[PDB]
């Protein structure tokens, strides 16, 4: 068995509102807090992280670390050997969760505003805790096709299934690195499920909360899952005439099957 390789890629890290994991004011002094800063297009190192094969997410030799500072749960840059090893080790998940195994806490950004300092919180798969290690800092725009090859459409806070139309901006969806699904028409809004129980009809609500019912995960089985409650998107009664998409236990039927046709 000839093992694979750990390429230790150098990527940015996009999160909430699609801002980047940034080392504040480019200061690299042990303890300088890591924040969320609009993504850079140049090559500044304070926004470039190397995923070395030791589970550290170094940016200029300095480790993404959890500060043992006073209130705590703060995330800051810190000498990789100086720091408590455990506070520099992380795991980037496919679920789009960056978690510090040692604590079991996950990288989070309690605000969508720029400058918001990173903190590590308990995993509740909220948007605010979802990240993506990509040098591609734009939202993946696409249409989301479901049943009968129909498209997910948004009008105001409502989202139903309509027949796909080339123009139609209502059928354009921006898939943010944070795990949110936002209507191109208004990237301030989110594909939201204001409840974690079956039959809950999905709406288009403000992303401000960056709640768990706003983060989504496109699974390998064609379903769009909500990590938190475990339900999947579902065109109720496999009837797009009901103009209602809901969350429902995963069964796998085509009414729960989606495809980001880009």
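Numbering follows the first chain given and starts at 1.
- Of the two segments examined, 86-94 and 171-179, it is 86-94 that shows the higher average Cα temperature factor in the deposited entry.
- Comparing the deposited coordinates for 111-119 and 161-169, the stretch with the larger average C-alpha B-factor is 161-169.
- Within the selection 234, 221, 30, 44, the deposited Cα B-factor values reach their highest point at 44.
- Taking the deposited Cα B-factors for 215, 203, 198, 62, the highest one is held by 62.
- Per the PDB record, residue ranking by Cα B-factor puts residue 66 in the highest third of the chain.
- Sorting the modelled residues of the chain by their CA temperature factor places residue 132 in the highest third.
- Placement of the Cα temperature factor of residue 193 within the chain: lowest third of the modelled residues, per the deposited record.
- Ranked by Cα temperature factor within the chain, residue 56 sits in the highest third according to the deposited record.
- Placement of the Cα temperature factor of residue 207 within the chain: middle third of the modelled residues, per the deposited record.
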